[PDB]
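Chemist: Got a structure for you, questions after.
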Amino acid sequence: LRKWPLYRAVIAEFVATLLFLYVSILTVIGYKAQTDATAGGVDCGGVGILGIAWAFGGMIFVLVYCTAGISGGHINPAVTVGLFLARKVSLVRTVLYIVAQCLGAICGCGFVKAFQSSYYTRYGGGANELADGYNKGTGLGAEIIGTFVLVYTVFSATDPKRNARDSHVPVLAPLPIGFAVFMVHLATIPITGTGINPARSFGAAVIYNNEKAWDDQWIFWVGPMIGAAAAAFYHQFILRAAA
Amino acid sequence: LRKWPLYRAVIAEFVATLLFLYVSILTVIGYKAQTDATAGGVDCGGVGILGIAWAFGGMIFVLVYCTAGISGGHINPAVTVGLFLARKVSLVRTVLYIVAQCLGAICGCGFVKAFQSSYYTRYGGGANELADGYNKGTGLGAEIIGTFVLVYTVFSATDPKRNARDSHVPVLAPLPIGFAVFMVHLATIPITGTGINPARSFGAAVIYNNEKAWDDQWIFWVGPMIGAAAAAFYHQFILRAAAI
Amino acid sequence: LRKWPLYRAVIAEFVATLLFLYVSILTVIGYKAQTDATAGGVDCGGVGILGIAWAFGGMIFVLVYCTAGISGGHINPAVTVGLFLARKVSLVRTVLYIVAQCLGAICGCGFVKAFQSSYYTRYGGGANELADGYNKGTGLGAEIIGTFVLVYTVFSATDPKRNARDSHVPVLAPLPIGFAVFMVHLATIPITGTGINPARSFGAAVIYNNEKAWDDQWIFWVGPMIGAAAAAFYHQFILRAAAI
Amino acid sequence: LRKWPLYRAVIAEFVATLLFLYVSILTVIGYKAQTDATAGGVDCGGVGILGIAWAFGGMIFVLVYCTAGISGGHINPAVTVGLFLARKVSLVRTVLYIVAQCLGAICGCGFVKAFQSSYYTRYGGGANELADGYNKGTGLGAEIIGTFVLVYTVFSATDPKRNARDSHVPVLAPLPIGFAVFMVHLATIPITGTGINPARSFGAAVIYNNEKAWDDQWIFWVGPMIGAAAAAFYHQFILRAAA
């Protein structure tokens with residue numbers, strides 16, 4: 001049937017997101033646990049904020065590869081919308097994929113508190129937030145262009161020759177995507193902590209649960225979607241890679 | 001002959017694990033010796049703990065690439081045992097790898113301290129234990145998922161067609177598997193130093209031998225197996241990508 | 001139509017360079033803002049200057065991968081000009097890229113300071129200049145070889161068969177080229193911040209505009225060209241791997 | 001003719017070695033220039049000794065790829081001997097390849113002094129040396145096993161299907177080799193600064209020119225060759241990958 005594999009192709013998206021978050025989170029939180037804030041431990045010496053940026057782009061690359069020929073290796077709500085606005089994701093999928101992504105991200109970040117809870121709460125919760133020093137418009141713009149780069153990669157990465165089984169869904173070359181994320185994280189983590197993935201953003205937000213988080217949560221949906229839409233427009237028409 | 005190509009690989013495992021544990025732990029002890037205790041050493045200016053995580057990751061990347069069409073690139077009881085529940089490595093072929101790998105680790109581990117026994121001993125010796133602040137359940141829960149992440153990555157990394165020499169043992173591109181190892185560490189080192197490898201943990205426990213360390217060791221066997229047995233279960237049925 | 005697939009790529013260059021300069025410099029300024037001046041910031045605990053070098057490297061890796069079968073993945077006047085002496089990019093097709101790339105950089109550069117004009121200005125703005133202690137000849141000699149390393153890497157990275165859309169423009173795997181960019185930086189950043197990209201340097205010089213910076217800028221054009229013209233010469237004849 | 005391409009296949013080995021060294025060197029020296037010794041600059045903050053290890057394994061990977069289908073992508077005297085002892089390098093080549101490698105390495109490190117000369121001399125010269133704290137036997141053993149890993153990769157990396165033009169010389173998969181180097185550098189740089197490449201070792205030695213360097217230069221030829229020989233024995237016979 002069509003309903004059973006679609007369901008299974010969605011089950012993957014949920015699982016991979018769960019893994020992706022908590023690794024990236026417990027990397028961030030593990031970093032923030034080893035690297036001291038004010039006092040009570042060692043300054044620096046952690047994985048560096050280079051190590052954190054490795055966690056995201058690295059876990060993504062792995063999972064995209066793990067979830068390539070199944071779901072399509074989407075793992076990102078912004079990416080899902082891009083591919084959808086590219087008229088190549090069967091509507092109902094995206095609605096489910098977002099539920100899939102946003103579910104597991106809550107789960108993932110949830111498994112992190114359970115482990116520590118102590119050093120979790122004090123240390124950021126791994127939740128995306130505006131860094132003090134920048135205006136909101138600045139932060140919004142970075143998320144837009146940032147996500148744009150990620151999504152621009154995806155479409156370029158789609159090989160028409162190779163496709164997912166029991167579907168017309170584009171399988172993705174797993175490496176440059178995860179590397180594109182890593183580049184963006186290197187560029188962004190100061191400003192916002194790098195959202196460009198509403199699943200992640202909404203994920204830790206539910207768990208960490210802070211006024212400043214919820215107040216600034218509105219960006220990492222708007223910003224990314226704007227970019228993913230722009231990247232779709234940039235790829236399928238003004239580069240016209242459709243034909 | 002079945003024995004000559006089998007032992008061909010049963011050794012290749014042992015060697016890789018020897019090489020694996022050697023390069024990795026020699027980095028860790030190196031990192032320790034760079035920052036060290038008050039009087040001697042400078043902080044931060046080592047490889048960074050990221051660099052340690054690199055060592056464990058990339059070594060898996062190359063040793064699998066070398067032992068791909070030979071042993072199948074396990075270098076891990078969990079990965080091997082995981083491929084047994086998956087009914088892809090016949091019983092007797094597993095138990096050998098299980099033992100063959102463990103010895104290499106020890107041989108790899110013991111080789112390291114002979115270089116730096118003075119330093120080695122004072123600085124944790126790359127032994128898998130709980131960092132204080134974490135309840136034992138936290139440490140256990142960390143290993144199972146971390147192993148799962150890898151073993152699942154290992155399974156999605158199974159070519160349906162190509163075999164290692166003279167068996168039904170998988171052969172596929174390793175680069176993701178190395179990252180899975182590398183990734184997990186970055187998030188798991190703060191807790192246990194990242195085990196997700198029963199032989200590696202066992203090999204560290206044998207040489208170092210510290211009671212509080214040695215009686216926590218049970219976790220890094222109990223844990224990883226479950227995470228592997230789950231990933232095998234999930235990938236083979238809950239995804240059922242094996243059905244054809 | 002010749003114009004529609006040409007401009008198809010003439011834009012793709014411009015955009016990549018815009019994206020390139022944006023992501024890279026936003027990291028640098030980020031690094032600056034993390035350590036900063038006495039009162040504000042913590043040292044070391046940034047990405048590390050290695051992380052900066054990563055940004056320049058990997059961005060070349062992905063933007064070439066995106067613009068491989070489109071523009072041919074130059075994102076660099078030197079690389080483009082280098083492929084002109086190699087007689088592989090017809091005259092008029094180069095001059096466009098030469099200009100098309102430069103604008104993107106500026107557009108990419110200008111976009112960055114609009115985010116952080118306060119910080120940006122106080123912290124070097126990713127502008128290519130000589131760090132004190134180096135004579136100007138040292139800085140020049142650094143850029144030429146660094147560019148050579150890349151442009152030579154670019155040439156050894158030329159598939160004899162596959163073209164970009166509707167031209168005779170090469171298409172081959174990018175991963176080495178990204179590393180060449182990444183590698184050179186690690187050894188060249190201490191001197192100039194690593195130029196090896198005339199458009200990038202020009203783009204940085206336009207927005208930042210500082211006289212002592214702006215009148216040293218001539219180096220990062222004079223240099224890279226020579227290193228590119230050499231690599232093209234060496235690869236095409238001294239190795240003569242192009243002859244068939 | 002046979003003499004012209006052989007000569008050209010040797011010209012590549014020289015060039016790539018020149019590049020490899022000075023980049024790795026000026027990375028090491030650039031690191032040591034930015035990172036202070038006792039006083040006169042900033043502590044840490046450099047590329048880290050992770051960044052240095054990236055320079056070696058990274059430059060190698062690039063150049064091996066750049067010099068694959070030509071020379072065979074050898075770049076290392078130890079590797080040359082291994083492939084030779086594997087009965088698959090036409091004797092005369094190795095003698096020339098060593099001259100090729102050891103020449104450019106001197107050149108490379110030479111271009112570094114010219115640039116700085118000031119901060120060159122005080123800061124190690126990028127020359128391999130025993131780290132104070134270890135015995136010589138310890139240091140020798142690391143170079144042996146270290147080089148072994150590098151060379152074991154090479155043979156495993158040799159694809160019999162693909163071969164260099166106008167030769168029977170094995171082209172190498174450029175990535176795992178350069179990555180194997182990187183791993184070893186991460187493991188070794190404390191102890192010796194990682195030799196496993198007599199070209200590099202003899203390269204900076206000529207330029208830096210120190211008593212302690214020349215005294216301890218004897219290791220990074222003996223050690224590596226022992227390993228490269230062992231890796232050859234480990235590969236071609238007790239793994240018997242010859243047939």
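Letters for chains follow the order of the structure tokens (A, B, ...), residue numbers begin at 1 for each chain, and ligand numbers begin at 1 in the order shown.
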Near residue 71 of chain D, within 12 Å and counting only C-alpha atoms, which residues show up once chain neighbours fewer than 2 positions away are dropped, as a PyMOL selection string?

Modeler: (chain C and resi 239+241) or (chain D and resi 5-16+63-69+73-76+80+89+93-94+96-97+100-101+163-172)

Chemist: Kindly provide, as a PDB file with N, CA, C and O atoms, in the first residue's frame, the residues of chain A having any atom no farther than 9 Å from an atom of chain B, counting only C-alpha atoms.

Modeler:
ATOM      1  N   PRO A   5       4.376   2.548   3.742  1.00  0.00           N
ATOM      2  CA  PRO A   5       5.730   3.103   3.584  1.00  0.00           C
ATOM      3  C   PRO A   5       5.832   4.594   3.873  1.00  0.00           C
ATOM      4  O   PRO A   5       6.855   5.036   4.398  1.00  0.00           O
ATOM      5  N   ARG A   8       6.167   4.758   7.385  1.00  0.00           N
ATOM      6  CA  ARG A   8       7.515   4.333   7.749  1.00  0.00           C
ATOM      7  C   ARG A   8       8.562   5.368   7.357  1.00  0.00           C
ATOM      8  O   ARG A   8       9.549   5.556   8.065  1.00  0.00           O
ATOM      9  N   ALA A   9       8.341   6.039   6.231  1.00  0.00           N
ATOM     10  CA  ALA A   9       9.243   7.097   5.785  1.00  0.00           C
ATOM     11  C   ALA A   9       9.143   8.308   6.703  1.00  0.00           C
ATOM     12  O   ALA A   9      10.036   9.152   6.738  1.00  0.00           O
ATOM     13  N   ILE A  11       8.352   7.801  10.092  1.00  0.00           N
ATOM     14  CA  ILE A  11       8.925   7.274  11.328  1.00  0.00           C
ATOM     15  C   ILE A  11      10.424   7.562  11.409  1.00  0.00           C
ATOM     16  O   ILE A  11      10.947   7.890  12.476  1.00  0.00           O
ATOM     17  N   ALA A  12      11.105   7.465  10.271  1.00  0.00           N
ATOM     18  CA  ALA A  12      12.532   7.763  10.201  1.00  0.00           C
ATOM     19  C   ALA A  12      12.834   9.221  10.556  1.00  0.00           C
ATOM     20  O   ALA A  12      13.749   9.497  11.335  1.00  0.00           O
ATOM     21  N   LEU A  19      17.603  11.916  17.681  1.00  0.00           N
ATOM     22  CA  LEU A  19      19.037  11.707  17.818  1.00  0.00           C
ATOM     23  C   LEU A  19      19.794  13.009  17.605  1.00  0.00           C
ATOM     24  O   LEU A  19      20.599  13.412  18.446  1.00  0.00           O
ATOM     25  N   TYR A  22      19.470  15.879  20.732  1.00  0.00           N
ATOM     26  CA  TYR A  22      20.080  15.585  22.022  1.00  0.00           C
ATOM     27  C   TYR A  22      21.598  15.432  21.945  1.00  0.00           C
ATOM     28  O   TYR A  22      22.298  15.779  22.892  1.00  0.00           O
ATOM     29  N   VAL A  23      22.111  14.916  20.829  1.00  0.00           N
ATOM     30  CA  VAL A  23      23.559  14.868  20.639  1.00  0.00           C
ATOM     31  C   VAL A  23      24.097  16.289  20.569  1.00  0.00           C
ATOM     32  O   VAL A  23      25.006  16.651  21.312  1.00  0.00           O
ATOM     33  N   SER A  24      23.522  17.085  19.670  1.00  0.00           N
ATOM     34  CA  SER A  24      23.897  18.489  19.519  1.00  0.00           C
ATOM     35  C   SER A  24      23.688  19.241  20.820  1.00  0.00           C
ATOM     36  O   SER A  24      24.481  20.107  21.186  1.00  0.00           O
ATOM     37  N   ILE A  25      22.609  18.906  21.513  1.00  0.00           N
ATOM     38  CA  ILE A  25      22.282  19.560  22.766  1.00  0.00           C
ATOM     39  C   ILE A  25      23.290  19.189  23.843  1.00  0.00           C
ATOM     40  O   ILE A  25      23.949  20.060  24.407  1.00  0.00           O
ATOM     41  N   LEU A  26      23.424  17.893  24.109  1.00  0.00           N
ATOM     42  CA  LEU A  26      24.352  17.421  25.129  1.00  0.00           C
ATOM     43  C   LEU A  26      25.806  17.701  24.729  1.00  0.00           C
ATOM     44  O   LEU A  26      26.707  17.617  25.559  1.00  0.00           O
ATOM     45  N   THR A  27      26.033  18.041  23.462  1.00  0.00           N
ATOM     46  CA  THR A  27      27.329  18.577  23.061  1.00  0.00           C
ATOM     47  C   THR A  27      27.421  20.023  23.537  1.00  0.00           C
ATOM     48  O   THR A  27      28.380  20.396  24.209  1.00  0.00           O
ATOM     49  N   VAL A  28      26.412  20.824  23.197  1.00  0.00           N
ATOM     50  CA  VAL A  28      26.314  22.205  23.668  1.00  0.00           C
ATOM     51  C   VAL A  28      26.317  22.280  25.190  1.00  0.00           C
ATOM     52  O   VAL A  28      27.081  23.040  25.786  1.00  0.00           O
ATOM     53  N   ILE A  29      25.454  21.485  25.814  1.00  0.00           N
ATOM     54  CA  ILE A  29      25.334  21.478  27.266  1.00  0.00           C
ATOM     55  C   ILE A  29      26.545  20.821  27.916  1.00  0.00           C
ATOM     56  O   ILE A  29      27.009  21.263  28.966  1.00  0.00           O
ATOM     57  N   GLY A  30      27.058  19.769  27.285  1.00  0.00           N
ATOM     58  CA  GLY A  30      28.285  19.143  27.736  1.00  0.00           C
ATOM     59  C   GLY A  30      29.436  20.126  27.649  1.00  0.00           C
ATOM     60  O   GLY A  30      30.271  20.183  28.547  1.00  0.00           O
ATOM     61  N   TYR A  31      29.477  20.898  26.566  1.00  0.00           N
ATOM     62  CA  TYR A  31      30.455  21.973  26.423  1.00  0.00           C
ATOM     63  C   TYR A  31      30.275  22.992  27.535  1.00  0.00           C
ATOM     64  O   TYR A  31      31.222  23.336  28.234  1.00  0.00           O
ATOM     65  N   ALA A  33      28.875  22.610  30.273  1.00  0.00           N
ATOM     66  CA  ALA A  33      29.085  22.002  31.582  1.00  0.00           C
ATOM     67  C   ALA A  33      30.573  21.987  31.928  1.00  0.00           C
ATOM     68  O   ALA A  33      30.960  22.339  33.044  1.00  0.00           O
ATOM     69  N   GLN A  34      31.397  21.579  30.965  1.00  0.00           N
ATOM     70  CA  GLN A  34      32.853  21.562  31.123  1.00  0.00           C
ATOM     71  C   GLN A  34      33.427  22.976  31.110  1.00  0.00           C
ATOM     72  O   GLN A  34      34.224  23.335  31.973  1.00  0.00           O
ATOM     73  N   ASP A  43      37.608  27.239  32.581  1.00  0.00           N
ATOM     74  CA  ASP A  43      37.332  28.131  31.453  1.00  0.00           C
ATOM     75  C   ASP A  43      37.872  27.516  30.166  1.00  0.00           C
ATOM     76  O   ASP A  43      38.958  26.934  30.161  1.00  0.00           O
ATOM     77  N   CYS A  44      37.112  27.656  29.081  1.00  0.00           N
ATOM     78  CA  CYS A  44      37.457  27.047  27.798  1.00  0.00           C
ATOM     79  C   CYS A  44      37.699  25.554  27.969  1.00  0.00           C
ATOM     80  O   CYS A  44      37.029  24.894  28.764  1.00  0.00           O
ATOM     81  N   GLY A  45      38.658  25.025  27.221  1.00  0.00           N
ATOM     82  CA  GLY A  45      39.065  23.640  27.374  1.00  0.00           C
ATOM     83  C   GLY A  45      38.049  22.629  26.880  1.00  0.00           C
ATOM     84  O   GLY A  45      38.364  21.450  26.731  1.00  0.00           O
ATOM     85  N   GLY A  46      36.828  23.089  26.627  1.00  0.00           N
ATOM     86  CA  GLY A  46      35.783  22.230  26.113  1.00  0.00           C
ATOM     87  C   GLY A  46      36.014  21.923  24.651  1.00  0.00           C
ATOM     88  O   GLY A  46      37.128  22.073  24.139  1.00  0.00           O
ATOM     89  N   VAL A  47      34.965  21.494  23.963  1.00  0.00           N
ATOM     90  CA  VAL A  47      35.096  21.170  22.550  1.00  0.00           C
ATOM     91  C   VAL A  47      35.275  22.425  21.699  1.00  0.00           C
ATOM     92  O   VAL A  47      35.521  22.340  20.498  1.00  0.00           O
ATOM     93  N   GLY A  48      35.170  23.586  22.337  1.00  0.00           N
ATOM     94  CA  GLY A  48      35.202  24.856  21.641  1.00  0.00           C
ATOM     95  C   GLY A  48      33.849  25.056  20.998  1.00  0.00           C
ATOM     96  O   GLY A  48      33.068  24.108  20.893  1.00  0.00           O
ATOM     97  N   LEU A  50      33.633  25.557  18.096  1.00  0.00           N
ATOM     98  CA  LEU A  50      33.890  24.820  16.877  1.00  0.00           C
ATOM     99  C   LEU A  50      33.391  23.389  17.030  1.00  0.00           C
ATOM    100  O   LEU A  50      32.850  22.806  16.092  1.00  0.00           O
ATOM    101  N   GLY A  51      33.582  22.829  18.221  1.00  0.00           N
ATOM    102  CA  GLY A  51      33.141  21.477  18.513  1.00  0.00           C
ATOM    103  C   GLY A  51      31.631  21.355  18.503  1.00  0.00           C
ATOM    104  O   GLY A  51      31.078  20.344  18.063  1.00  0.00           O
ATOM    105  N   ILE A  52      30.964  22.393  18.999  1.00  0.00           N
ATOM    106  CA  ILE A  52      29.508  22.466  18.979  1.00  0.00           C
ATOM    107  C   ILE A  52      28.993  22.508  17.546  1.00  0.00           C
ATOM    108  O   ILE A  52      28.063  21.785  17.185  1.00  0.00           O
ATOM    109  N   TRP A  54      30.434  21.379  15.066  1.00  0.00           N
ATOM    110  CA  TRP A  54      30.694  20.072  14.473  1.00  0.00           C
ATOM    111  C   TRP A  54      29.563  19.102  14.785  1.00  0.00           C
ATOM    112  O   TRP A  54      29.194  18.280  13.946  1.00  0.00           O
ATOM    113  N   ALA A  55      29.015  19.211  15.991  1.00  0.00           N
ATOM    114  CA  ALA A  55      27.958  18.315  16.446  1.00  0.00           C
ATOM    115  C   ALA A  55      26.729  18.394  15.549  1.00  0.00           C
ATOM    116  O   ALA A  55      26.180  17.370  15.148  1.00  0.00           O
ATOM    117  N   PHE A  56      26.307  19.616  15.236  1.00  0.00           N
ATOM    118  CA  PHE A  56      25.139  19.839  14.389  1.00  0.00           C
ATOM    119  C   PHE A  56      25.364  19.327  12.969  1.00  0.00           C
ATOM    120  O   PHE A  56      24.706  18.384  12.529  1.00  0.00           O
ATOM    121  N   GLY A  58      27.635  17.595  11.752  1.00  0.00           N
ATOM    122  CA  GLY A  58      28.079  16.214  11.731  1.00  0.00           C
ATOM    123  C   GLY A  58      26.932  15.234  11.887  1.00  0.00           C
ATOM    124  O   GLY A  58      26.774  14.319  11.078  1.00  0.00           O
ATOM    125  N   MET A  59      26.133  15.424  12.932  1.00  0.00           N
ATOM    126  CA  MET A  59      24.962  14.585  13.156  1.00  0.00           C
ATOM    127  C   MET A  59      24.009  14.628  11.965  1.00  0.00           C
ATOM    128  O   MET A  59      23.469  13.597  11.564  1.00  0.00           O
ATOM    129  N   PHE A  61      24.716  15.273   8.697  1.00  0.00           N
ATOM    130  CA  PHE A  61      25.330  14.506   7.615  1.00  0.00           C
ATOM    131  C   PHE A  61      25.139  13.004   7.788  1.00  0.00           C
ATOM    132  O   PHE A  61      24.781  12.305   6.840  1.00  0.00           O
ATOM    133  N   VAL A  62      25.384  12.514   8.999  1.00  0.00           N
ATOM    134  CA  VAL A  62      25.188  11.105   9.316  1.00  0.00           C
ATOM    135  C   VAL A  62      23.747  10.677   9.068  1.00  0.00           C
ATOM    136  O   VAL A  62      23.485   9.719   8.342  1.00  0.00           O
ATOM    137  N   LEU A  63      22.819  11.409   9.673  1.00  0.00           N
ATOM    138  CA  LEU A  63      21.405  11.061   9.632  1.00  0.00           C
ATOM    139  C   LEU A  63      20.791  11.227   8.248  1.00  0.00           C
ATOM    140  O   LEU A  63      19.963  10.414   7.838  1.00  0.00           O
ATOM    141  N   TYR A  65      22.338  10.785   5.559  1.00  0.00           N
ATOM    142  CA  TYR A  65      22.811   9.560   4.931  1.00  0.00           C
ATOM    143  C   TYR A  65      22.007   8.353   5.407  1.00  0.00           C
ATOM    144  O   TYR A  65      21.660   7.478   4.614  1.00  0.00           O
ATOM    145  N   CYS A  66      21.724   8.311   6.706  1.00  0.00           N
ATOM    146  CA  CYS A  66      20.948   7.222   7.292  1.00  0.00           C
ATOM    147  C   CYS A  66      19.484   7.254   6.850  1.00  0.00           C
ATOM    148  O   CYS A  66      18.809   6.224   6.836  1.00  0.00           O
ATOM    149  N   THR A  67      19.002   8.439   6.487  1.00  0.00           N
ATOM    150  CA  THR A  67      17.592   8.628   6.160  1.00  0.00           C
ATOM    151  C   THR A  67      17.385   9.089   4.719  1.00  0.00           C
ATOM    152  O   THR A  67      16.329   9.619   4.372  1.00  0.00           O
ATOM    153  N   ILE A  70      15.109   6.652   2.336  1.00  0.00           N
ATOM    154  CA  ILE A  70      13.856   6.365   3.015  1.00  0.00           C
ATOM    155  C   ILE A  70      12.921   7.562   2.932  1.00  0.00           C
ATOM    156  O   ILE A  70      12.069   7.639   2.049  1.00  0.00           O
ATOM    157  N   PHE A 111      15.476  14.103  26.685  1.00  0.00           N
ATOM    158  CA  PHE A 111      16.358  13.074  27.220  1.00  0.00           C
ATOM    159  C   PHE A 111      17.589  13.680  27.882  1.00  0.00           C
ATOM    160  O   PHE A 111      18.313  12.996  28.606  1.00  0.00           O
ATOM    161  N   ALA A 114      16.781  14.818  31.767  1.00  0.00           N
ATOM    162  CA  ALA A 114      16.700  13.593  32.553  1.00  0.00           C
ATOM    163  C   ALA A 114      18.073  13.127  33.006  1.00  0.00           C
ATOM    164  O   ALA A 114      18.230  12.586  34.100  1.00  0.00           O
ATOM    165  N   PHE A 115      19.063  13.347  32.150  1.00  0.00           N
ATOM    166  CA  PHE A 115      20.426  12.941  32.440  1.00  0.00           C
ATOM    167  C   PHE A 115      21.053  13.833  33.493  1.00  0.00           C
ATOM    168  O   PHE A 115      21.669  13.352  34.443  1.00  0.00           O
ATOM    169  N   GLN A 116      20.866  15.136  33.330  1.00  0.00           N
ATOM    170  CA  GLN A 116      21.530  16.103  34.185  1.00  0.00           C
ATOM    171  C   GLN A 116      20.559  16.922  35.023  1.00  0.00           C
ATOM    172  O   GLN A 116      20.655  16.922  36.250  1.00  0.00           O
ATOM    173  N   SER A 118      20.333  19.255  36.616  1.00  0.00           N
ATOM    174  CA  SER A 118      21.140  20.241  37.316  1.00  0.00           C
ATOM    175  C   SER A 118      21.773  21.213  36.329  1.00  0.00           C
ATOM    176  O   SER A 118      21.322  22.349  36.178  1.00  0.00           O
TER     177      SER A 118
END

Chemist: Hey, which of B:97, B:237, B:218, B:123 ends up closest to residue 17 of chain B? Count only C-alpha atoms.

Modeler: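 Closest candidate: B:97.
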
Chemist: Once DSSP has gone over the backbone, tell me which residues of segment 20-182 of chain A are in strand (DSSP E), as a JSON list (two decimals) with N, CA and C atoms, in the first residue's frame.

Modeler:
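Generated output (out.json):
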[["chain", "number", "residue", "atom", "x", "y", "z"],
["A", 158, "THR", "N", 20.14, 17.57, -4.78],
["A", 158, "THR", "CA", 19.19, 16.61, -5.34],
["A", 158, "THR", "C", 19.67, 16.07, -6.68],
["A", 159, "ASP", "N", 19.95, 14.78, -6.71],
["A", 159, "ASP", "CA", 20.29, 14.11, -7.96],
["A", 159, "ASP", "C", 19.02, 13.52, -8.54],
["A", 160, "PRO", "N", 18.59, 14.02, -9.71],
["A", 160, "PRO", "CA", 17.38, 13.51, -10.37],
["A", 160, "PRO", "C", 17.48, 12.03, -10.75],
["A", 161, "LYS", "N", 18.70, 11.57, -11.01],
["A", 161, "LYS", "CA", 18.94, 10.18, -11.40],
["A", 161, "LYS", "C", 18.56, 9.24, -10.26],
["A", 162, "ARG", "N", 18.98, 9.58, -9.04],
["A", 162, "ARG", "CA", 18.70, 8.75, -7.88],
["A", 162, "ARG", "C", 17.44, 9.22, -7.13],
["A", 163, "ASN", "N", 16.55, 8.29, -6.80],
["A", 163, "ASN", "CA", 15.32, 8.63, -6.10],
["A", 163, "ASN", "C", 14.94, 7.62, -5.03],
["A", 170, "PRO", "N", 13.12, 13.19, -3.89],
["A", 170, "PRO", "CA", 14.55, 13.36, -4.18],
["A", 170, "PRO", "C", 15.45, 12.95, -3.02],
["A", 171, "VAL", "N", 16.29, 11.94, -3.25],
["A", 171, "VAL", "CA", 17.34, 11.56, -2.30],
["A", 171, "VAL", "C", 18.45, 12.60, -2.40],
["A", 172, "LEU", "N", 19.11, 12.88, -1.28],
["A", 172, "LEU", "CA", 20.09, 13.96, -1.23],
["A", 172, "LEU", "C", 21.52, 13.45, -0.98]]

Chemist: Just want the 7 Å neighbourhood of segment 207-218 of chain D, counted on only C-alpha atoms, with same-chain residues fewer than 4 positions away dropped. Output as a PyMOL selection string.

Modeler: chain D and resi 106+109-110+121+125+127+129-130+222

Chemist: Using DSSP on the backbone coordinates, identify all residues within segment 102-183 of chain B classified as helix (DSSP H, G or I); present the result as a ChimeraX atom specification.

Modeler: /B:102-122,124-126,136-156,175-183

Chemist: Tell me, as a list in words, which residues lie within 9 Å of segment 79-91 of chain C, counting only C-alpha atoms; anything in the same chain fewer than 2 positions away does not count.

Modeler: residues 74, 75, 76, 77, 93, 94, 95, 97, 98, 147, 150, 151, 154, 155, 167, 168, 169, 170, 197, 225, 227, 228, 229, 230, 231, 232, 233 and 236 of chain C

Chemist: Identify, on the basis of only C-alpha atoms, every residue whose closest approach to residue 184 of chain A does not exceed 8 Å; exclude the query and any residue fewer than 3 positions from it along the same chain; express the result as a list in words.

Modeler: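 Neighbouring residues, sequence-local ones excluded: residues 146, 149, 150, 180, 181, 187, 188 and 194 of chain A; 23 of chain C.
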
Chemist: Got time to write the residues from that selection, C-alpha atoms, as a tab-separated table (two decimals), in the first residue's frame?

Modeler:
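Output saved as again_22.tsv:
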chain	number	residue	atom	x	y	z
A	146	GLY	CA	21.80	31.27	6.89
A	149	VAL	CA	22.59	28.56	2.21
A	150	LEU	CA	21.48	25.27	3.75
A	180	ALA	CA	26.78	23.60	4.65
A	181	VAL	CA	25.10	23.47	8.06
A	187	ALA	CA	29.13	31.93	11.15
A	188	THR	CA	26.01	32.21	13.31
A	194	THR	CA	22.09	29.07	14.93
C	23	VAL	CA	29.46	33.27	5.95

Chemist: Counting only C-alpha atoms, what is within 7 Å of residue 77 of chain D, bar same-chain residues fewer than 4 positions away, as a VMD selection string?

Modeler: chain D and resid 81 98 101 197 to 199

Chemist: Generate a file of the selected residues that holds C-alpha atoms, formatted as an mmCIF file, in the first residue's frame.

Modeler:
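Saved to selection02.cif:
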data_model
loop_
_atom_site.group_PDB
_atom_site.id
_atom_site.type_symbol
_atom_site.label_atom_id
_atom_site.label_comp_id
_atom_site.auth_asym_id
_atom_site.auth_seq_id
_atom_site.Cartn_x
_atom_site.Cartn_y
_atom_site.Cartn_z
ATOM 1 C CA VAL D 81 60.015 1.959 0.623
ATOM 2 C CA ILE D 98 63.733 9.840 -2.077
ATOM 3 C CA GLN D 101 61.115 14.136 -1.547
ATOM 4 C CA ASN D 197 58.021 11.173 6.914
ATOM 5 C CA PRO D 198 61.844 11.404 6.658
ATOM 6 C CA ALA D 199 61.456 14.071 3.970
#

Chemist: Could you please determine the separation between atom CA of residue 232 of chain A and atom CA of residue 145 of chain A in Å, to one decimal place?

Modeler: 12.7 Å

Chemist: Give me the residues within 8 Å of residue 195 of chain B as a PyMOL selection string, counting only C-alpha atoms and dropping any in the same chain fewer than 2 places off.

Modeler: chain B and resi 128+143+192-193+197-198+200-201+220+224

Chemist: In Å, rounded to a single decimal, give me how far atom CA of residue 70 of chain C is from atom CA of residue 166 of chain C.

Modeler: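 Rounded to one decimal, the two atoms are 8.9 Å apart.
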